[PDB]
Amino acid sequence: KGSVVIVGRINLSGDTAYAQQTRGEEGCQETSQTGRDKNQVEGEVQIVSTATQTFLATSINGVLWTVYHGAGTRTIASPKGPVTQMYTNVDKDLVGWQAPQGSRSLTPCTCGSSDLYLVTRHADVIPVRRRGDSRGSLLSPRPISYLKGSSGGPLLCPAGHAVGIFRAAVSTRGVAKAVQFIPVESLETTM
Ligand SMILES: CC[C@@H]1[C@@H]2CN(C(=O)[C@H](C(C)(C)C)NC(=O)O[C@@H]3C[C@H]3CCCCC(F)(F)c3nc4ccc(OC)cc4nc3O2)[C@@H]1C(=O)N[C@]1(C(=O)NS(=O)(=O)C2(C)CC2)C[C@H]1C(F)F
Ligand SMILES: [Zn+2]
């Protein structure tokens, strides 16, 4: 199987969040096969792809994290070739690689706030009220299509710290009313 490939990023650096593509589909396929990706990486949230799926990955504390259901055990492409996972936990649906040079990491949240914000692959910033250790409700439910492809993205607190990694959606008749996430403390213990 090929490597996971960074194909874009969610730009959160200014006042407006927006998605940027950094590699098209043909270059993605080539880079997945070689594992050699010379592109410059920037930012906290990467858009990533395999031959068959596309999703997100988020840097927290120097590790680029994503979901096992997207990445499996795959290496990630890098300027020096394929990079093997540093963390794999199928029970948490969690994998991680060393964060690429040029990326910026989020800091784990320590404030205990329940007012969260989910960042999607389309750079929507979606308010979510935390409802448990691993769940939160959308303030404005929407069709699940709007969340598809955003696993591996972050939930952030009002100060912009990482609270969790988006894992699964709670859906009724195709409407997403809530999200399920890997809490950052689960990452912190993994580290
Ligand atoms: C494969 C898709 C996974 C499945 C089902 N699933 C759901 O969300 C389902 C739907 C389908 C009914 C919505 N809800 C749901 O279980 O709710 C229940 C309350 C939750 C409690 C159970 C949590 C289960 C889990 F998550 F831990 C999970 N652990 C796994 C571990 C190992 C593994 O090894 C192969 C597969 C695993 N598979 C898992 O879950 C996930 C999903 O779709 N995630 C999102 C996404 O965007 N993926 S993605 O980027 O498009 C893609 C596919 C390209 C990568 C955010 C969703 C976006 F769509 F909203
Ligand atoms: Zn916080």
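Residues numbered from 1 in each chain as written, not as in the entry; some residues may be left out. Chains lettered and ligands numbered in written order. Heavy atoms only, no water. Residues with missing side-chain atoms left out of burial classes, pairs and counts.

**Points about the side chain of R74**
Note that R74 resides in the loop between α2 (68–71) and β6 (87–89). Buried within the structure, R74 lacks any salt-bridge partner; its nearest side chain of opposite charge belongs to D93, at an N-O separation of 13 Å. What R74 contacts, discounting residues up to four positions off in sequence, is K1, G2, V4, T50, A51, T52, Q85 and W97. (Helix = DSSP H or I, 4+ residues; strand = E, 2+ residues; numbered from the N terminus. Buried < 20%, exposed > 50% of the residue type's maximum accessible area, 1.4 Å probe, protein only. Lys, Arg positive; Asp, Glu negative; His and termini not counted. Salt bridge = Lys/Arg side-chain N within 4 Å of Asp/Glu carboxyl O. Contact = heavy atoms within 4.5 Å.)

**Looking at the site of ligand 1**
Around ligand 1, 19 residues are found, and the nearest of them are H69, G149, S151, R167 and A169. Within the backbone of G149, a nitrogen or oxygen atom sits 3.0 Å from an oxygen atom of ligand 1. Within the backbone of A169, one N or O atom sits 2.8 Å away from a nitrogen atom of ligand 1. Its free accessible area being 1000 Å², ligand 1 has 59% of it covered by the protein chains. Among the elements of the structure, β4 (54–60), α2 and β12 (162–172) are those that each provide at least two residues to the shell around ligand 1. (Near = heavy atom within 4 Å. Polar contact = N/O pair within 3.5 Å; in protein donor to acceptor, adjacent residues only side chain to side chain. Areas by Shrake-Rupley, 256 points an atom, 1.4 Å probe, with all protein chains shown as cover.)

**Concerning the domain arrangement of the protein chain**
Along its sequence, the protein chain is organised into domain 1 (1–106) and domain 2 (107–191). At the interface, 25 residues of domain 1 touch 26 residues of domain 2. Around 2100 Å² of area is buried between domain 1 and domain 2 when both sides are counted, 68% of it from carbon and sulfur atoms. Among the residues domain 1 hides against domain 2, the three largest losses belong to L56, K92 and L106. Together they make up 28% of the total. Taken together, the connections running from domain 1 to domain 2 amount to zero salt bridges. Along the contact surface separating domain 1 from domain 2 lie seven residue pairs in polar contact. (Domains from an automatic or database assignment. Buried area = accessible area lost by both parts, 1.4 Å probe.)

**Concerning the environment of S151**
For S151, the location among the structural elements is in the loop between β10 (135–143) and β11 (154–156). C-alpha of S151 to C-alpha of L116: the two residues are 35 residues apart in sequence and 16 Å apart in space.

**Some words on the sheet that holds strand β3 (residues 45–49)**
Pairing is antiparallel in the open sheet, where seven strands are placed in the order β2-β1-β3-β4-β5-β7-β6. Where the open sheet ends on each side, the last strands, each with one partner, are β2 (18–21) and β6. Going across the sheet, the axis of each strand differs from the next one's by a mean of 25 degrees, ignoring polarity. Taken together, the five bridges between strand β5 (residues 63–67) and strand β7 (residues 94–98) define a ladder with antiparallel strand orientation. Within β7, the residue paired with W65 across the bridge is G96. (Pairing = 2+ DSSP bridges. Axes fitted to C-alpha atoms, helices over the stretch in contact; angles between N-to-C directions.)

**Considerations on the pattern of salt bridges**
One pass over the structure, following the stated rule, counts two salt bridges. For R129, the salt bridge is made with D115, and the minimal N-O distance between the two is 3.0 Å. With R129 in strand β9 (residues 125–130) and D115 in strand β8 (residues 115–119), the pair connects residues that are 14 residues apart, well separated along the chain. According to the relative accessible area criterion, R129 is partly exposed, its value standing at 33%.

**Observations regarding the coordination of the zinc ion (ligand 2)**
Coordination of the zinc ion (ligand 2) by the protein involves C109 (SG), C111 (SG) and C157 (SG), with metal-donor separations of 2.3 to 2.5 Å. In terms of primary sequence, the donors binding the zinc ion (ligand 2) are separated according to C-x1-C-x45-C. Pair noted here: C109 is in the loop between β7 and β8 and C157 is in the loop between β11 and β12, with a separation of 48 residues, a long-range link. Judged by its relative accessible area of 10%, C109 is buried. Residue classification places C157 among the buried residues on the basis of a relative accessible area of 2%. (Donors = N, O, S within 2.8 Å, 3.2 Å for Na, K, Ca; no water.)

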